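Coordinate inspection notes
What follows is the residue order along each chain.
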Amino acid sequence: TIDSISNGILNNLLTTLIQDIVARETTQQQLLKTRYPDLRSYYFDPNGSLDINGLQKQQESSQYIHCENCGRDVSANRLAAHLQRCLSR
Amino acid sequence: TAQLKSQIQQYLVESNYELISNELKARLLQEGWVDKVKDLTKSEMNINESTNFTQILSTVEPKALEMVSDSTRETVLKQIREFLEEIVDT
Amino acid sequence: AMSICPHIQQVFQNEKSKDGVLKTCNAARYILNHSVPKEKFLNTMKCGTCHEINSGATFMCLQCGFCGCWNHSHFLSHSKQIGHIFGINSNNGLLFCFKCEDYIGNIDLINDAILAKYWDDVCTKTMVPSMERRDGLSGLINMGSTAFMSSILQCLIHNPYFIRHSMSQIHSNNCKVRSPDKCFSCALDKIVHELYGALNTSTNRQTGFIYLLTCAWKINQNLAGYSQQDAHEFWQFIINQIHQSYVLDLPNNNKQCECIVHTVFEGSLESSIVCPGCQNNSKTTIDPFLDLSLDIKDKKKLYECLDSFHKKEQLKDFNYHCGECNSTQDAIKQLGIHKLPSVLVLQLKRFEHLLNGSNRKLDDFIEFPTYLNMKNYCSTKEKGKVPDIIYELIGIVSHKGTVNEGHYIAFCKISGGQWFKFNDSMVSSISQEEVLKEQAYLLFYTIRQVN
Amino acid sequence: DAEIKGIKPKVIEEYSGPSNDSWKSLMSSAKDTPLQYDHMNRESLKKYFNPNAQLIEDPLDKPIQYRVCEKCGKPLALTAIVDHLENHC
Amino acid sequence: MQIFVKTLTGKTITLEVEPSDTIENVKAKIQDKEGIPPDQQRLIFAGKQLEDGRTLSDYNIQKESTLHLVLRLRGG
Ligand SMILES: [Zn+2]
Ligand SMILES: [Zn+2]
Ligand SMILES: [Zn+2]
Ligand SMILES: [Zn+2]
Ligand SMILES: [Zn+2]
Ligand SMILES: [Zn+2]
Ligand SMILES: [Zn+2]
Ligand SMILES: [Zn+2]
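Residues numbered from 1 in each chain as written, not as in the entry; some residues may be left out. Chains lettered and ligands numbered in written order. Part of a larger assembly, values for the part shown. Heavy atoms only, no water. Residues with missing side-chain atoms left out of burial classes, pairs and counts.

Method information in the entry identifies X-ray crystallography as the source of the structure, with 3.820 Å recorded as the resolution.

Going by what the PDB entry lists, chain E is known as Polyubiquitin-B and is assigned to Homo sapiens.

Going by the PDB entry, chain D carries the name SAGA-associated factor 73 and comes from Saccharomyces cerevisiae.

Okay, here's the thing in structure tokens:
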């Protein structure tokens, strides 16, 4: 019947799309797991505190950067000021 | 005979299939069903600790079929049916 | 201990059989990239047995010309009856083994089969991405007032057109200056290098960003990160500089620029001028655009803002005399889309000016959709209606603070559908629903479906 | 909802067992045919989009596909690896 | 010639200008209409911010073209 053929058409469309999507998902995850045997998911923190490696925000100004210009090491959160004083040659 | 069905389908292809497929895709995409199915897939992959396609599909397909909104379902069916009453004799 | 299909290993034990296979895969994929929709329906989605179209997935046989459906087990029947255990899914080109009952997705050679001829060399010179770098995820520390820059850069860092450009070595291949302390693109390629690969051979992965900052200081110190600035202005400035670098690397009546910016971001508005009497006309002006700026007052949704944007206006300060109705008139102006860009960038005008000369931030939440339909905004009808035109949200920049002082943050979506928040050095997982609850300032949309 | 009797004579009139045809028959056509996109209609793209727009269909399907040079460490798109190896590494 | 400017609210205003007119002059006219100083103004055309010292003709800006006006949102 018309009703039946229409149901079959819709089923055809849905099963085609589903099989495509699922095949793509399974192939991608298979690839990721095979390439990277020790694979870990990026961390999700419900508390909104930890990064994708499950770490908190690092202490600045505890970190420093070595400015290749002039040969001076400069605390990173003060780097721009240095460049304003350094690039002004 | 049942060659008839295939014949009719051939006609359907030569003529509108794109409009249906695209409208379906847009509807399922816009209502969030596609991403729900992605989340379901990640969840099942994590629960069964497996990427084997057959076993994951075996659990995914029925539910995914149920998740199709009634609105989209009846609208797309309605549209196909609209297209069918054109080219069949009763 | 995940296994690999032993059947393809078996075939691959013989070099010529392997070559036949890879040749056929390459040929098939070329066909898939070069076949019109109807031919595809009739010749790759038609079951060889029942002759139905789209009887579930249809598979094209690796060993013969037969196509077979899923619903009636007809490829399954080809496999049982002829002994051909490998078939290709006509929706994605992926190769199925009917003995394993699983797809082969984890063989690098198969995924990149077009390089099979040179595969040995490919394996000697290069390695797969490191787990840490594979998604290019790393934070960029605040080096002064650089939040307006990095927030912009992460959406660029996750843009497929840009990543395709950069990883293709186009600037590197063609740069006439070939120094990252002068060339913005060389520096960018260095950034991509630092984030996805490894410099030869803790302070990690900051070199490219520092080069970019040095270039910026050299062209405009004010926009170089010491002081707070406008992210949209930085966007237009940097894309213009990139465009200038494209023009620079050229060896050579062409009004439209042919650069990467103008093949991705450039659209055109149609402005019509019509007589309110005759309502026929019209005087049409075409304006290029790289992004859209939207008013938000008294509105709650992005579609409302676009509607307002697209809304007709009557000019009261334009001198206009109609020749068709022979009278002085106040012309009607309307903006619509003449041409859409591949990537659509939106700025919400989250500010207002007061009579006392001060400004105020608008913190009003504006709802924005995960998927955006532009059909109501296209100027030109076909022999009519305009078809569906849908974009996918891929990026958000948000601001916290006031008009004259604040902070930018970025949100980016990656594969599998997961969202991450990029706050300087901190990359974190975030759900889609919360991103969607954010106060959006900038939005990045990639073209997804065009009917 | 009602019963189908046959196929209208005019469609057969002007349009029209196991098939003998072969999918590799498309190669001839495929050799002469420009790159095609799925669910982005070409004519609508011509009317509403620019003629030289770059286009990537479904850009977030899988993570970026690339490899890294052992000598200079550059991340290379698959279509760029070979010449990078010829005169750029 | 007449050109247009689309303000923050979306309201469009009209200016009478010559191709040789400087960005400073246009911004002055905008100040004269809206009461907003030039240093607070950002004038956008064709994906570029219009720069002081340059002319309309330098940017190939013609009759009845529309410029888009915005402000700055600073963040550091
Ligand atoms: Zn220094
Ligand atoms: Zn069948
Ligand atoms: Zn076969
Ligand atoms: Zn197998
Ligand atoms: Zn360079
Ligand atoms: Zn260009
Ligand atoms: Zn009139
Ligand atoms: Zn290299």
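Attention shifts here to the overall build of chain D. A tally of helices and strands in chain D yields 4 helices and 2 strands. Along chain D, helices and strands appear, N-terminal first, in the series α-α-α-β-β-α. Expected size for 89 residues packed as a compact globule is a radius of gyration near 12 Å; at 23 Å, chain D overshoots this value by more than 25%. Taking the principal axes of its C-alpha atoms as reference, chain D extends roughly 70 × 40 × 30 Å. Per-residue burial for chain D yields a buried fraction of 36% across its 89 residues. Just so you have it, chain D exposes about 5500 Å², and 49% of that area is on carbon and sulfur atoms. Each charge class in chain D can be summarised by its mean position, and for the 12 positive and 14 negative side chains these summaries are 4 Å apart. (Helix = DSSP H or I, 4+ residues; strand = E, 2+ residues; numbered from the N terminus. Rg over C-alpha atoms; globule rule 2.2 N^0.38 Å. Buried < 20%, exposed > 50% of the residue type's maximum accessible area, 1.4 Å probe, protein only. Areas by Shrake-Rupley, 256 points an atom, 1.4 Å probe, with all protein chains shown as cover. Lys, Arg positive; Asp, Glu negative; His and termini not counted. Charge placed at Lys NZ, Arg CZ, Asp CG, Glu CD.)

Time to look at the layout of surface pockets. Its boundaries defined by the atoms lining it, the second largest pocket holds a volume of some 1000 Å³. Together, 39 residues line the second largest pocket, and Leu32(A), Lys42(B), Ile414(C), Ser415(C) and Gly416(C) are the ones closest to its centre. At the level of elements, helix 1 (2–35) of chain A, helix 3 (33–48) of chain B together with helix 8 (160–167), strand 20 (406–414) and strand 21 (418–423) of chain C are the ones that each hand at least two residues to the lining of the second largest pocket. (1 Å grid on protein atoms, 1.4 Å probe; cavity = no way out; pocket = protein on both sides within 12 Å on 5 of 7 lines; lining within 4 Å. Points joined across faces, edges and corners; volume = space filled by probe spheres on them.)

Once that is clear, we can look at the pattern of salt bridges. Throughout the structure, instances matching the rule amount to 30 salt bridges over all chains. Of the charged contacts, one joins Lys25(B) and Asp38(D) as a salt bridge, the two residues approaching to 3.2 Å between their closest N and O atoms. With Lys25(B) in helix 2 (residues 17–30) and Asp38(D) in the loop between helix 2 (26–32) and helix 3 (42–48), this pair bridges two chains. Note on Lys25(B): relative accessible area 25%, which makes it partly exposed. With its nearest N and O atoms 3.8 Å apart, the salt bridge here joins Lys27(E) to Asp52(E). With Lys27(E) in helix 1 (residues 23–34) and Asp52(E) in the loop between strand 4 (48–49) and strand 5 (66–70), this pair connects stretches of sequence that are 25 residues apart. Residue class for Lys27(E) comes out buried when judged on its relative accessible area of 8%. Classification of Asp52(E) as partly exposed rests on a relative accessible area of 43%. (Salt bridge = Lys/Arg side-chain N within 4 Å of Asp/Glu carboxyl O.)

Moving on to the coordination of the zinc ion (ligand 3). Residue and element names in this part refer to chain C. Donor atoms from the polypeptide that coordinate the zinc ion (ligand 3) comprise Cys-61 (SG), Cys-64 (SG), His-78 (NE2) and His-84 (ND1), at 2.0 to 2.3 Å from the metal. Given 4 donor atoms and angles of 82 to 152° at the metal, the environment of the zinc ion (ligand 3) is assigned as irregular. Mapped onto the polypeptide sequence, the residues donating to the zinc ion (ligand 3) form the spacing pattern C-x2-C-x13-H-x5-H. In this pair, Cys-61 sits in strand 1 (residues 58–61) while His-84 sits in the loop between helix 4 (74–82) and strand 3 (86–89), placing the two residues 23 residues apart along the sequence. Looking at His-84, the relative accessible area reads 17%, which means it is buried. (Donors = N, O, S within 2.8 Å, 3.2 Å for Na, K, Ca; no water. Tetrahedral: all angles 85-135°; square planar, octahedral: opposite > 155°, others 65-115°.)

On to the UniProt feature "binding site: Zn(2+)" in chain D. According to UniProt, the positions carrying the feature "binding site: Zn(2+)" are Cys69(D), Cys72(D), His84(D) and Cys89(D). In summary, the annotated positions, though distributed over 21 residues, converge in three dimensions, the widest C-alpha pair being only 10.4 Å. Inspection of the secondary structure puts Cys72(D) in the loop between strand 1 (66–69) and strand 2 (75–77). Residues in contact with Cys72(D), not counting those within four places in the same chain, are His193(C), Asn200(C), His84(D) and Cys89(D). (UniProt positions renumbered as here; feature names shortened; annotations may be inferred. Contact = heavy atoms within 4.5 Å.)

Here we take up the coordination of the zinc ion (ligand 2). Residue and element names in this part refer to chain C. Around the zinc ion (ligand 2), the protein supplies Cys-47 (SG), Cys-50 (SG), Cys-69 (SG), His-72 (ND1) and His-74 (ND1) as donor atoms, at distances of 2.0 to 2.7 Å. Taken in chain order, the donor set of the zinc ion (ligand 2) reads C-x2-C-x18-C-x2-H-x1-H. The exposure class of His-72 is partly exposed, given its relative accessible area of 34%.

What follows concerns the interface of chain B and chain C. Each side of the interface is counted separately: chain B has 20 residues, and chain C has 24 residues. Of all residues in chain B, the largest losses of buried area upon contact with chain C belong to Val13(B), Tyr17(B) and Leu29(B), amounting jointly to 26% of the total for that side. Where chain B packs against chain C, one counts 1 salt bridge. Counting across the interface, chain B meets chain C through 6 residue pairs in polar contact. Only helix 1 (3–14), helix 2, helix 3 and helix 4 (53–66) of chain B provide two or more residues apiece to the side of chain B that touches chain C. The element contributing the most residues to the side of chain B that touches chain C is helix 2 of chain B, with 7 residues. Grouping the constituent residues of the side of chain B that touches chain C by class yields 5 nonpolar, 8 polar and 7 charged. (Buried area = accessible area lost by both parts, 1.4 Å probe. Polar contact = N/O pair within 3.5 Å; in protein donor to acceptor, adjacent residues only side chain to side chain. Nonpolar A, V, L, I, M, F, W, Y, C, P; charged D, E, K, R; others polar.)

Attention now moves to empty space enclosed by the protein. Size it by volume and the largest cavity reaches roughly 270 Å³. In this structure, the largest cavity is lined by 22 residues; those nearest its centre are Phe289(C), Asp291(C), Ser293(C), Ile44(E) and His68(E). Looking at the lining of the largest cavity, its residues break down into 11 nonpolar, 7 polar and 4 charged. At the level of elements, helix 8 and helix 12 (231–249) of chain C are the ones that each hand at least two residues to the lining of the second largest cavity.

We now examine the packing of helix 1 of chain A against helix 2 of chain B. The N-to-C vectors of helix 1 of chain A and helix 2 of chain B enclose an angle of 60°; their axes lie 12 Å apart at closest approach. One way to sum up the angle between helix 1 of chain A and helix 2 of chain B is to call them oblique. Between helix 1 of chain A and helix 2 of chain B lies a crossing of right-handed hand. Where helix 1 of chain A approaches helix 2 of chain B, its residues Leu13(A), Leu14(A) and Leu17(A) are matched on the opposing element by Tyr17(B), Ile20(B), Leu24(B) and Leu28(B). (Axes fitted to C-alpha atoms, helices over the stretch in contact; angles between N-to-C directions. Parallel < 35°, antiparallel > 145°, perpendicular 65-115°, else oblique. Left-handed = near helix turned anticlockwise from the far one by under 90°.)

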